[PDB]
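Input: a single structure, listed below in structure tokens.
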Amino acid sequence: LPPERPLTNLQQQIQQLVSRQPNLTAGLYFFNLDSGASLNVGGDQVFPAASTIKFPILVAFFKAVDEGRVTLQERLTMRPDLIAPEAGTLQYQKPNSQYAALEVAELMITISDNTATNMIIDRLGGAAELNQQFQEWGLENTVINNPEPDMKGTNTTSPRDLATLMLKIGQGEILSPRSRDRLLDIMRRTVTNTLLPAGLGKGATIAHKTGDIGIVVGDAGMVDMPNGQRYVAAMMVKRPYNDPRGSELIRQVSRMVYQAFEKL
Ligand SMILES: *C(=O)[C@@H](NC(=O)Cc1ccccc1)[C@@H]1N[C@@H](C(=O)O)C(C)(C)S1
């Protein structure tokens, strides 16, 4: 893998673009796997994770499957204490009904199901257990403090953390080949493609996971371009509740970076 090589020009334009937006606080990290071209604009800063933390939790899930601690077909119970509002379909089912572990893990990601997330976190031994695993993978600022939906934003991550975990997964670390490919398939079938994917050119693919708690919006993943290049991408923006400028800034930066990598 080539050395990290900042595109100093393009970084400056992106910083100029974020810093002229008053009530927005942005952090982002991008890395090109072929050139080593990198972009870091507040990429190491800590943010409320919102639902972006569901990506690290999915990694933890498949790690457990790899290690024989969890099975894809075992039945998980939707206990009252795990039922959660906001995004998800499980919450409308009978309390104490049960679901295949894999089905639950998929819902956590595809539709950001918060009940499903709580079920997985609990099954994997709880937040502390997961936090330790995140630390082991090098995720310095990725921490579960509260169950989902965690609308207050107590759960933390960083753009570098999200992008770096994805780099690792993309390069075949952490997870087995079978679990990796399952994870990427799930992460290509999310229903929210309004952020990073909205700035990509025709024929690009992206495995990613968005997060939105109104006061914070973000997205992270891995992009394959039609030209053959691959890069990882993560951006988080603090905003006034549901400010459409926050989501638009992510598009804009996504577009800027995609086009720069087309030209080079
Ligand atoms: C993760 O942050 C999730 N958000 C919620 O559960 C609360 C919420 C609040 C206001 C609007 C929508 C949701 C789910 N994941 C985000 C995301 O993936 O960006 C959704 C908008 C899909 S809800």
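Just so we're on the same page: first chain in the structure tokens is A, next is B, and so on; residues restart at 1 for each chain, and ligands are numbered from 1 in the order they show up.
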For ligand 1, list the contacting residues at 9 Å or closer, counting only C-alpha atoms and all ligand atoms, as a CSV table (one decimal) with N, CA, C and O atoms, in the first residue's frame.
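Once written, out_35.csv looks like this:
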```
chain,number,residue,atom,x,y,z
A,49,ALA,N,-21.2,10.3,16.8
A,49,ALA,CA,-21.1,9.3,15.8
A,49,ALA,C,-22.5,9.2,15.0
A,49,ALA,O,-22.5,8.9,13.8
A,50,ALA,N,-23.6,9.5,15.7
A,50,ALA,CA,-24.9,9.2,15.2
A,50,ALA,C,-24.8,7.7,14.7
A,50,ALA,O,-24.2,6.8,15.3
A,51,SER,N,-25.5,7.4,13.6
A,51,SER,CA,-25.6,6.0,13.2
A,51,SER,C,-24.4,5.5,12.5
A,51,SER,O,-24.3,4.3,12.2
A,52,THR,N,-23.4,6.3,12.3
A,52,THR,CA,-22.1,5.9,11.7
A,52,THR,C,-21.4,4.8,12.5
A,52,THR,O,-20.7,4.0,11.9
A,53,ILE,N,-21.6,4.8,13.8
A,53,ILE,CA,-21.0,3.8,14.7
A,53,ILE,C,-21.6,2.4,14.4
A,53,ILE,O,-20.9,1.4,14.8
A,54,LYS,N,-22.7,2.3,13.7
A,54,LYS,CA,-23.2,0.9,13.4
A,54,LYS,C,-22.3,0.2,12.4
A,54,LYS,O,-22.3,-1.1,12.4
A,84,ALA,N,-36.4,0.3,20.7
A,84,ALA,CA,-35.9,1.7,20.6
A,84,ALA,C,-36.7,2.3,19.5
A,84,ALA,O,-37.1,1.6,18.5
A,85,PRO,N,-37.0,3.6,19.6
A,85,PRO,CA,-37.7,4.4,18.6
A,85,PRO,C,-36.9,4.8,17.4
A,85,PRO,O,-35.7,4.3,17.3
A,86,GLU,N,-37.3,5.8,16.6
A,86,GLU,CA,-36.6,6.3,15.5
A,86,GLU,C,-36.5,5.2,14.4
A,86,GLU,O,-37.4,4.4,14.3
A,87,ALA,N,-35.4,5.2,13.7
A,87,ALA,CA,-35.2,4.4,12.5
A,87,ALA,C,-35.4,2.9,12.9
A,87,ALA,O,-34.8,2.5,13.9
A,88,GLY,N,-36.1,2.1,12.0
A,88,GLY,CA,-36.2,0.7,12.2
A,88,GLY,C,-37.6,0.1,12.0
A,88,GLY,O,-38.6,0.8,12.2
A,109,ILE,N,-27.8,-2.0,9.6
A,109,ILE,CA,-27.1,-1.2,8.6
A,109,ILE,C,-28.0,-0.7,7.5
A,109,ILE,O,-27.9,0.5,7.2
A,110,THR,N,-28.8,-1.6,6.9
A,110,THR,CA,-29.5,-1.2,5.7
A,110,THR,C,-30.5,0.0,6.0
A,110,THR,O,-30.6,0.9,5.2
A,111,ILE,N,-31.2,-0.1,7.1
A,111,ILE,CA,-32.2,0.9,7.4
A,111,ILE,C,-31.9,1.6,8.8
A,111,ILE,O,-32.7,2.4,9.2
A,112,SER,N,-30.7,1.3,9.3
A,112,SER,CA,-30.2,1.9,10.5
A,112,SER,C,-31.1,1.6,11.7
A,112,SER,O,-31.3,2.4,12.6
A,113,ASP,N,-31.6,0.4,11.7
A,113,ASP,CA,-32.6,0.0,12.7
A,113,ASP,C,-31.9,0.0,14.1
A,113,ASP,O,-31.0,-0.7,14.4
A,114,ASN,N,-32.5,0.9,15.0
A,114,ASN,CA,-31.9,1.2,16.3
A,114,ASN,C,-32.2,0.0,17.3
A,114,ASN,O,-31.3,-0.3,18.2
A,148,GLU,N,-28.9,3.1,21.4
A,148,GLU,CA,-29.5,3.8,20.3
A,148,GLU,C,-30.9,4.1,20.6
A,148,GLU,O,-31.6,3.3,21.3
A,149,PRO,N,-31.5,5.1,19.9
A,149,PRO,CA,-30.9,6.0,19.0
A,149,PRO,C,-29.9,7.0,19.4
A,149,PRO,O,-29.2,7.6,18.6
A,150,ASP,N,-29.7,7.2,20.7
A,150,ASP,CA,-28.7,8.1,21.3
A,150,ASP,C,-28.8,9.5,20.6
A,150,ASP,O,-27.9,10.0,20.0
A,151,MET,N,-30.0,10.1,20.7
A,151,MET,CA,-30.3,11.3,20.0
A,151,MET,C,-29.5,12.5,20.6
A,151,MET,O,-29.3,13.5,19.9
A,153,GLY,N,-26.4,12.3,21.2
A,153,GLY,CA,-25.1,12.3,20.6
A,153,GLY,C,-23.9,11.9,21.5
A,153,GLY,O,-22.8,12.4,21.3
A,190,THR,N,-27.8,-0.1,1.8
A,190,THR,CA,-28.4,0.9,2.6
A,190,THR,C,-29.4,1.8,1.8
A,190,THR,O,-29.2,1.9,0.6
A,191,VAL,N,-30.4,2.3,2.5
A,191,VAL,CA,-31.5,3.0,1.9
A,191,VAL,C,-31.2,4.6,1.9
A,191,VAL,O,-32.1,5.3,1.4
A,192,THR,N,-30.1,5.0,2.6
A,192,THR,CA,-29.8,6.4,2.6
A,192,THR,C,-28.5,6.8,1.9
A,192,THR,O,-27.4,6.6,2.4
A,193,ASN,N,-28.7,7.3,0.7
A,193,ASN,CA,-27.6,7.5,-0.3
A,193,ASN,C,-27.5,9.0,-0.8
A,193,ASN,O,-27.0,9.3,-1.9
A,194,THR,N,-27.9,9.8,0.1
A,194,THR,CA,-28.1,11.2,-0.1
A,194,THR,C,-26.8,12.0,0.3
A,194,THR,O,-26.8,13.2,0.0
A,195,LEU,N,-25.8,11.4,0.9
A,195,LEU,CA,-24.6,12.1,1.3
A,195,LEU,C,-23.4,11.8,0.4
A,195,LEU,O,-23.4,12.3,-0.8
A,209,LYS,N,-22.1,3.8,5.4
A,209,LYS,CA,-23.1,3.9,6.4
A,209,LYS,C,-23.2,5.4,6.9
A,209,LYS,O,-22.2,6.0,7.2
A,210,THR,N,-24.4,5.9,6.7
A,210,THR,CA,-24.7,7.3,7.1
A,210,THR,C,-25.1,7.4,8.6
A,210,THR,O,-25.4,6.4,9.2
A,211,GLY,N,-25.1,8.6,9.1
A,211,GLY,CA,-25.6,8.9,10.4
A,211,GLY,C,-26.2,10.3,10.4
A,211,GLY,O,-25.7,11.2,9.8
A,212,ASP,N,-27.3,10.5,11.1
A,212,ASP,CA,-28.0,11.7,11.2
A,212,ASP,C,-28.8,11.7,12.5
A,212,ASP,O,-29.7,10.9,12.7
A,213,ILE,N,-28.5,12.6,13.4
A,213,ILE,CA,-29.2,12.9,14.6
A,213,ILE,C,-29.7,14.3,14.6
A,213,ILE,O,-30.0,14.9,15.7
A,214,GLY,N,-29.9,14.9,13.5
A,214,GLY,CA,-30.4,16.3,13.4
A,214,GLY,C,-29.3,17.3,13.7
A,214,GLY,O,-29.0,18.2,12.8
A,215,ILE,N,-28.8,17.3,14.9
A,215,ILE,CA,-27.6,18.1,15.2
A,215,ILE,C,-26.3,17.7,14.6
A,215,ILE,O,-25.3,18.4,14.8
A,216,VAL,N,-26.2,16.5,14.0
A,216,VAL,CA,-25.0,16.0,13.4
A,216,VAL,C,-25.4,15.1,12.2
A,216,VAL,O,-26.3,14.4,12.4
A,217,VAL,N,-24.7,15.3,11.1
A,217,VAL,CA,-24.9,14.5,9.9
A,217,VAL,C,-23.5,14.0,9.3
A,217,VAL,O,-22.5,14.7,9.4
A,218,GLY,N,-23.4,12.7,8.9
A,218,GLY,CA,-22.2,12.2,8.4
A,218,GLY,C,-22.4,10.9,7.6
A,218,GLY,O,-23.5,10.3,7.5
A,219,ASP,N,-21.3,10.5,7.0
A,219,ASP,CA,-21.3,9.3,6.1
A,219,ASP,C,-19.8,8.8,6.0
A,219,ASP,O,-18.9,9.6,6.1
A,241,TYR,N,-30.3,22.0,14.0
A,241,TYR,CA,-31.2,20.9,13.9
A,241,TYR,C,-31.7,20.8,12.4
A,241,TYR,O,-32.5,21.6,12.0
A,242,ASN,N,-31.3,19.7,11.7
A,242,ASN,CA,-31.8,19.4,10.4
A,242,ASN,C,-31.5,20.4,9.3
A,242,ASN,O,-32.1,20.5,8.3
```
Taking only residues of stretch 82-175 of chain A that have an atom at most 12 Å from an atom of stretch 232-237 of chain A, what is each one's shortest atom pair and its distance in Å to one decimal, using only C-alpha atoms, in chain and number order, as a Markdown table?
```
| residue | atom | partner | partner_atom | distance |
| --- | --- | --- | --- | --- |
| A:156 | CA | A:236 | CA | 11.2 |
| A:157 | CA | A:236 | CA | 9.3 |
| A:158 | CA | A:236 | CA | 7.9 |
| A:159 | CA | A:234 | CA | 4.8 |
| A:160 | CA | A:234 | CA | 7.0 |
| A:161 | CA | A:234 | CA | 8.6 |
| A:162 | CA | A:234 | CA | 6.3 |
| A:163 | CA | A:234 | CA | 5.4 |
| A:164 | CA | A:232 | CA | 7.8 |
| A:165 | CA | A:232 | CA | 9.4 |
| A:166 | CA | A:232 | CA | 6.7 |
| A:167 | CA | A:232 | CA | 6.3 |
| A:168 | CA | A:232 | CA | 10.0 |
| A:169 | CA | A:232 | CA | 10.6 |
| A:170 | CA | A:232 | CA | 8.8 |
| A:171 | CA | A:232 | CA | 11.0 |
```
Keeping only C-alpha atoms, take the residues you just selected and write them out as an mmCIF file, in the first residue's frame.
```cif
data_model
loop_
_atom_site.group_PDB
_atom_site.id
_atom_site.type_symbol
_atom_site.label_atom_id
_atom_site.label_comp_id
_atom_site.auth_asym_id
_atom_site.auth_seq_id
_atom_site.Cartn_x
_atom_site.Cartn_y
_atom_site.Cartn_z
ATOM 1 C CA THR A 156 -18.388 9.198 19.622
ATOM 2 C CA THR A 157 -16.246 8.575 16.530
ATOM 3 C CA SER A 158 -13.877 10.418 14.174
ATOM 4 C CA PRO A 159 -13.587 10.610 10.352
ATOM 5 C CA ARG A 160 -10.105 9.080 10.464
ATOM 6 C CA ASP A 161 -11.391 6.214 12.668
ATOM 7 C CA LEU A 162 -14.268 5.390 10.257
ATOM 8 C CA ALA A 163 -12.113 5.683 7.097
ATOM 9 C CA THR A 164 -9.231 3.736 8.610
ATOM 10 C CA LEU A 165 -11.480 0.874 9.733
ATOM 11 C CA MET A 166 -12.859 0.746 6.198
ATOM 12 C CA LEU A 167 -9.300 0.783 4.739
ATOM 13 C CA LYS A 168 -8.479 -2.208 6.889
ATOM 14 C CA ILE A 169 -11.625 -4.135 5.943
ATOM 15 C CA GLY A 170 -11.090 -3.283 2.257
ATOM 16 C CA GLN A 171 -7.537 -4.592 2.413
#
```
Query raised in the report: Can you list, as a PyMOL selection string, every protein, DNA or RNA residue that comes within 9 Å of residue A:123 when you count only C-alpha atoms, leaving out same-chain residues fewer than 5 positions away?
Result: chain A and resi 61+70+76+118
Take the selection from the previous step and output its residues with N, CA and C atoms, as a PDB file, in the first residue's frame.
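For reference, part.pdb as written:
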```pdb
ATOM      1  N   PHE A  61     -19.728  -7.741  14.992  1.00  0.00           N
ATOM      2  CA  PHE A  61     -20.619  -8.855  14.721  1.00  0.00           C
ATOM      3  C   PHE A  61     -19.982  -9.947  13.905  1.00  0.00           C
ATOM      4  N   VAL A  70     -20.798 -16.230  17.874  1.00  0.00           N
ATOM      5  CA  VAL A  70     -22.128 -15.977  17.375  1.00  0.00           C
ATOM      6  C   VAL A  70     -22.264 -16.731  16.054  1.00  0.00           C
ATOM      7  N   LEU A  76     -32.093 -14.188  17.995  1.00  0.00           N
ATOM      8  CA  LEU A  76     -31.938 -13.137  19.003  1.00  0.00           C
ATOM      9  C   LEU A  76     -33.319 -12.635  19.412  1.00  0.00           C
ATOM     10  N   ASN A 118     -29.307  -2.210  19.199  1.00  0.00           N
ATOM     11  CA  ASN A 118     -29.279  -2.560  20.610  1.00  0.00           C
ATOM     12  C   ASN A 118     -29.208  -4.070  20.839  1.00  0.00           C
TER      13      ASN A 118
END
```
Query - Residues near residue A:69, cut-off 12 Å, only C-alpha atoms, skip fewer than 4 positions along chain, as a ChimeraX atom specification - result: /A:60-65,74,101,123-125
**Report entry** Backbone DSSP call of strand (DSSP E or B) for stretch 134-258 of chain A, listed as a PyMOL selection string
**Finding:** chain A and resi 143+156-157+205-212+216-224+230-238
